[PDB]
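K.L.:
Pasting a structure here, questions to come.
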Amino acid sequence: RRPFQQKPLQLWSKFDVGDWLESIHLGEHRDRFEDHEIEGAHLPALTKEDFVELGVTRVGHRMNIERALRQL
């Protein structure tokens with residue numbers, strides 16, 4: 001169990017995003033989204049060029065990240 005499972009998207013600290021990323025099998029991105037201090041409130045406003053800057057250069061990852069967003 002982890003605190004992102006327990007609080008709304010908009011209250012996710014940068015550490016919570018990192019927890020959620022790993023939960024969707026994208027922990028490879030956890031440290032670069034943490035240095036950019038991406039928060040939960042940030043996740044639904046990320047543009048494709050944001051995702052590149054965050055190093056999510058693979059289409060497949062972008063789309064997994066965004067299937068998961070809607071599941072929330």
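As shown in the structure tokens, the chain order sets the letters A, B, ...; within each chain, residues go from 1, and ligands are also counted from 1 in the order they appear.
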Could you list, as JSON, numbers by chain, every residue within 12 Å of range 31-42 of chain A, counting only C-alpha atoms and ignoring same-chain residues fewer than 2 positions away?
P.N.:
{"A": [4, 7, 8, 9, 10, 11, 12, 13, 14, 15, 16, 17, 18, 19, 20, 21, 22, 26, 27, 28, 29, 44, 45, 46, 47, 50, 51, 52, 53, 54, 55, 56, 69, 72]}
K.L.:
Write a file of the selected residues as a short mmCIF file (atom, residue, chain, number, x, y, z; two decimals), in the first residue's frame, keeping N, CA and C atoms.
P.N.:
data_model
loop_
_atom_site.label_atom_id
_atom_site.label_comp_id
_atom_site.auth_asym_id
_atom_site.auth_seq_id
_atom_site.Cartn_x
_atom_site.Cartn_y
_atom_site.Cartn_z
N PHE A 4 -0.46 7.48 -2.50
CA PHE A 4 -1.19 7.89 -3.70
C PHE A 4 -2.48 7.09 -3.88
N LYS A 7 -5.35 9.29 -1.74
CA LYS A 7 -5.66 10.72 -1.74
C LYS A 7 -5.90 11.18 -3.17
N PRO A 8 -6.73 12.19 -3.38
CA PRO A 8 -7.03 12.67 -4.74
C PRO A 8 -5.79 13.07 -5.55
N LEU A 9 -5.98 13.12 -6.87
CA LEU A 9 -4.88 13.48 -7.77
C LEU A 9 -4.27 14.81 -7.39
N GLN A 10 -5.11 15.80 -7.09
CA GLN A 10 -4.67 17.16 -6.85
C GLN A 10 -3.87 17.33 -5.56
N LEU A 11 -3.80 16.31 -4.70
CA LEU A 11 -3.04 16.41 -3.46
C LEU A 11 -1.77 15.59 -3.49
N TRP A 12 -1.37 15.11 -4.66
CA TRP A 12 -0.21 14.24 -4.77
C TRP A 12 1.05 15.08 -4.75
N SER A 13 1.88 14.88 -3.73
CA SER A 13 3.22 15.43 -3.74
C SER A 13 4.02 14.86 -4.90
N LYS A 14 5.22 15.42 -5.08
CA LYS A 14 6.07 14.93 -6.15
C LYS A 14 6.46 13.47 -5.88
N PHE A 15 6.57 13.10 -4.60
CA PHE A 15 6.88 11.72 -4.25
C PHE A 15 5.72 10.79 -4.58
N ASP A 16 4.49 11.28 -4.46
CA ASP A 16 3.32 10.46 -4.79
C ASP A 16 3.27 10.14 -6.28
N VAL A 17 3.44 11.15 -7.14
CA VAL A 17 3.58 10.90 -8.58
C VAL A 17 4.59 9.80 -8.83
N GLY A 18 5.75 9.88 -8.17
CA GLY A 18 6.76 8.86 -8.35
C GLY A 18 6.26 7.50 -7.94
N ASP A 19 5.45 7.44 -6.88
CA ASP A 19 4.88 6.17 -6.45
C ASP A 19 3.91 5.65 -7.50
N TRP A 20 3.07 6.54 -8.01
CA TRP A 20 2.08 6.15 -9.00
C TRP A 20 2.73 5.70 -10.31
N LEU A 21 3.73 6.45 -10.80
CA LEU A 21 4.50 6.03 -11.97
C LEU A 21 4.98 4.57 -11.87
N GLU A 22 5.76 4.25 -10.83
CA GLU A 22 6.16 2.86 -10.59
C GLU A 22 4.98 1.91 -10.59
N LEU A 26 6.33 2.41 -14.77
CA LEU A 26 7.07 3.50 -15.40
C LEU A 26 8.02 4.18 -14.40
N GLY A 27 8.56 3.41 -13.44
CA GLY A 27 9.50 3.91 -12.45
C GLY A 27 10.83 4.37 -13.02
N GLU A 28 11.19 3.88 -14.21
CA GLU A 28 12.26 4.51 -14.98
C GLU A 28 12.13 6.03 -15.09
N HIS A 29 10.92 6.60 -14.96
CA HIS A 29 10.74 8.05 -15.10
C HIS A 29 10.67 8.75 -13.76
N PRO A 44 -2.46 16.20 -15.19
CA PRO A 44 -3.42 16.33 -16.29
C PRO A 44 -3.22 17.54 -17.20
N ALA A 45 -2.09 18.27 -17.09
CA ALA A 45 -1.83 19.45 -17.91
C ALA A 45 -0.54 19.36 -18.72
N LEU A 46 0.10 18.19 -18.70
CA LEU A 46 1.37 17.91 -19.37
C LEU A 46 1.19 17.80 -20.87
N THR A 47 1.88 18.66 -21.61
CA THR A 47 1.85 18.65 -23.07
C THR A 47 2.93 17.72 -23.60
N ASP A 50 6.29 18.90 -22.84
CA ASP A 50 6.58 18.63 -21.43
C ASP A 50 7.06 17.20 -21.23
N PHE A 51 6.34 16.22 -21.82
CA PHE A 51 6.73 14.82 -21.64
C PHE A 51 8.11 14.55 -22.21
N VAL A 52 8.48 15.18 -23.32
CA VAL A 52 9.86 15.05 -23.79
C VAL A 52 10.83 15.61 -22.76
N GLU A 53 10.60 16.86 -22.34
CA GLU A 53 11.49 17.48 -21.36
C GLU A 53 11.65 16.59 -20.13
N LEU A 54 10.58 15.93 -19.72
CA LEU A 54 10.60 14.94 -18.66
C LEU A 54 11.20 13.61 -19.12
N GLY A 55 11.73 13.54 -20.34
CA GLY A 55 12.33 12.30 -20.81
C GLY A 55 11.37 11.17 -21.16
N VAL A 56 10.07 11.44 -21.26
CA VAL A 56 9.13 10.42 -21.70
C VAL A 56 9.02 10.59 -23.22
N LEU A 69 -4.18 8.11 -16.16
CA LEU A 69 -4.77 9.35 -15.69
C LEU A 69 -6.30 9.27 -15.70
N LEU A 72 -8.21 7.42 -13.11
CA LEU A 72 -8.41 8.21 -11.89
C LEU A 72 -9.44 9.33 -12.08
#
K.L.:
Interatomic distance between CA of residue 59 in chain A and CA of residue 2 in chain A?
P.N.:
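The value is 27.3 Å.
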K.L.:
In terms of the shortest atom-to-atom distance over only C-alpha atoms, which of A:70, A:48, A:57, A:65 is closest to residue 24 in chain A?
P.N.:
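With only C-alpha atoms as the atom set, the closest residue is A:65.
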K.L.:
What are the DSSP helix (DSSP H, G or I) residues of chain A, as a PyMOL selection string?
P.N.:
chain A and resi 3-6+9-11+14-23+27-35+40-45+48-53+59-71
K.L.:
Can you write just those residues out, N, CA and C atoms, as a compact mmCIF listing (two decimals), in the first residue's frame?
P.N.:
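part.txt was written with the following content:
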# COMPACT_ATOMS: atom_id res chain seq x y z
N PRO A 3 0.59 5.97 -0.28
CA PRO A 3 -0.35 7.07 -0.04
C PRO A 3 -1.03 7.62 -1.30
N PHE A 4 -0.46 7.48 -2.50
CA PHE A 4 -1.19 7.89 -3.70
C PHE A 4 -2.48 7.09 -3.88
N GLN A 5 -2.50 5.82 -3.44
CA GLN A 5 -3.73 5.05 -3.48
C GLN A 5 -4.81 5.63 -2.56
N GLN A 6 -4.47 6.62 -1.73
CA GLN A 6 -5.31 7.08 -0.63
C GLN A 6 -5.71 8.55 -0.69
N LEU A 9 -5.98 13.12 -6.87
CA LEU A 9 -4.88 13.48 -7.77
C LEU A 9 -4.27 14.81 -7.39
N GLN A 10 -5.11 15.80 -7.09
CA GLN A 10 -4.67 17.16 -6.85
C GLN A 10 -3.87 17.33 -5.56
N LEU A 11 -3.80 16.31 -4.70
CA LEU A 11 -3.04 16.41 -3.46
C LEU A 11 -1.77 15.59 -3.49
N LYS A 14 5.22 15.42 -5.08
CA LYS A 14 6.07 14.93 -6.15
C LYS A 14 6.46 13.47 -5.88
N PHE A 15 6.57 13.10 -4.60
CA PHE A 15 6.88 11.72 -4.25
C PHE A 15 5.72 10.79 -4.58
N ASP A 16 4.49 11.28 -4.46
CA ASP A 16 3.32 10.46 -4.79
C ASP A 16 3.27 10.14 -6.28
N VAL A 17 3.44 11.15 -7.14
CA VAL A 17 3.58 10.90 -8.58
C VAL A 17 4.59 9.80 -8.83
N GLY A 18 5.75 9.88 -8.17
CA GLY A 18 6.76 8.86 -8.35
C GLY A 18 6.26 7.50 -7.94
N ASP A 19 5.45 7.44 -6.88
CA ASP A 19 4.88 6.17 -6.45
C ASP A 19 3.91 5.65 -7.50
N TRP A 20 3.07 6.54 -8.01
CA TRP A 20 2.08 6.15 -9.00
C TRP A 20 2.73 5.70 -10.31
N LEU A 21 3.73 6.45 -10.80
CA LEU A 21 4.50 6.03 -11.97
C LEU A 21 4.98 4.57 -11.87
N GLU A 22 5.76 4.25 -10.83
CA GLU A 22 6.16 2.86 -10.59
C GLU A 22 4.98 1.91 -10.59
N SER A 23 3.85 2.33 -10.02
CA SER A 23 2.70 1.45 -9.97
C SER A 23 2.20 1.09 -11.36
N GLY A 27 8.56 3.41 -13.44
CA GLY A 27 9.50 3.91 -12.45
C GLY A 27 10.83 4.37 -13.02
N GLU A 28 11.19 3.88 -14.21
CA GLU A 28 12.26 4.51 -14.98
C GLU A 28 12.13 6.03 -15.09
N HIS A 29 10.92 6.60 -14.96
CA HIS A 29 10.74 8.05 -15.10
C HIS A 29 10.67 8.75 -13.76
N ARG A 30 10.83 8.00 -12.67
CA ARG A 30 10.50 8.56 -11.36
C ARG A 30 11.46 9.68 -10.95
N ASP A 31 12.76 9.47 -11.14
CA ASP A 31 13.73 10.48 -10.72
C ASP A 31 13.67 11.75 -11.58
N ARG A 32 13.28 11.70 -12.85
CA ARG A 32 13.34 12.95 -13.66
C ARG A 32 12.06 13.74 -13.47
N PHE A 33 10.99 13.07 -13.11
CA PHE A 33 9.73 13.76 -12.80
C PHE A 33 9.86 14.30 -11.38
N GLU A 34 10.80 13.78 -10.60
CA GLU A 34 10.95 14.28 -9.26
C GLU A 34 11.81 15.53 -9.26
N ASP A 35 12.89 15.53 -10.06
CA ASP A 35 13.71 16.73 -10.20
C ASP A 35 12.92 17.88 -10.82
N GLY A 40 0.89 15.91 -8.56
CA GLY A 40 -0.33 15.33 -9.11
C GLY A 40 -1.15 16.35 -9.87
N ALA A 41 -1.35 17.52 -9.28
CA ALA A 41 -2.06 18.59 -9.95
C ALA A 41 -1.46 18.91 -11.33
N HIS A 42 -0.17 18.61 -11.52
CA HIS A 42 0.48 18.86 -12.80
C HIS A 42 0.17 17.80 -13.84
N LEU A 43 -0.12 16.58 -13.41
CA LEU A 43 -0.20 15.46 -14.35
C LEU A 43 -1.23 15.69 -15.45
N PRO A 44 -2.46 16.20 -15.19
CA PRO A 44 -3.42 16.33 -16.29
C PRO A 44 -3.22 17.54 -17.20
N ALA A 45 -2.09 18.27 -17.09
CA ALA A 45 -1.83 19.45 -17.91
C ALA A 45 -0.54 19.36 -18.72
N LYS A 48 2.80 17.31 -24.87
CA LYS A 48 3.79 16.40 -25.45
C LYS A 48 5.21 16.94 -25.27
N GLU A 49 5.36 18.26 -25.22
CA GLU A 49 6.73 18.75 -25.21
C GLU A 49 7.23 18.79 -23.79
N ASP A 50 6.29 18.90 -22.84
CA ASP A 50 6.58 18.63 -21.43
C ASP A 50 7.06 17.20 -21.23
N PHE A 51 6.34 16.22 -21.82
CA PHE A 51 6.73 14.82 -21.64
C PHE A 51 8.11 14.55 -22.21
N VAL A 52 8.48 15.18 -23.32
CA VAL A 52 9.86 15.05 -23.79
C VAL A 52 10.83 15.61 -22.76
N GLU A 53 10.60 16.86 -22.34
CA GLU A 53 11.49 17.48 -21.36
C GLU A 53 11.65 16.59 -20.13
N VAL A 59 6.25 7.16 -27.37
CA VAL A 59 4.80 7.28 -27.52
C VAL A 59 4.07 6.33 -26.59
N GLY A 60 4.42 5.05 -26.66
CA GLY A 60 3.79 4.06 -25.80
C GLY A 60 3.74 4.48 -24.33
N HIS A 61 4.79 5.14 -23.84
CA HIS A 61 4.75 5.53 -22.43
C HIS A 61 3.76 6.65 -22.21
N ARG A 62 3.87 7.74 -22.98
CA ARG A 62 2.88 8.79 -22.97
C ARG A 62 1.48 8.21 -22.91
N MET A 63 1.20 7.21 -23.76
CA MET A 63 -0.19 6.78 -23.81
C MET A 63 -0.57 5.93 -22.62
N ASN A 64 0.39 5.24 -22.00
CA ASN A 64 0.08 4.51 -20.78
C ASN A 64 -0.17 5.49 -19.63
N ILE A 65 0.76 6.41 -19.42
CA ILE A 65 0.55 7.52 -18.51
C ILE A 65 -0.84 8.13 -18.63
N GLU A 66 -1.37 8.24 -19.85
CA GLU A 66 -2.66 8.90 -20.04
C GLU A 66 -3.85 7.95 -20.03
N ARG A 67 -3.68 6.65 -20.30
CA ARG A 67 -4.76 5.73 -19.92
C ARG A 67 -4.92 5.70 -18.41
N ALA A 68 -3.81 5.81 -17.68
CA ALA A 68 -3.88 5.70 -16.23
C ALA A 68 -4.51 6.94 -15.62
N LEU A 69 -4.18 8.11 -16.16
CA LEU A 69 -4.77 9.35 -15.69
C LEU A 69 -6.30 9.27 -15.70
N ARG A 70 -6.87 8.73 -16.77
CA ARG A 70 -8.32 8.71 -16.90
C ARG A 70 -8.95 7.69 -15.96
N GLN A 71 -8.27 6.56 -15.73
CA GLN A 71 -8.67 5.60 -14.70
C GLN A 71 -8.82 6.25 -13.33
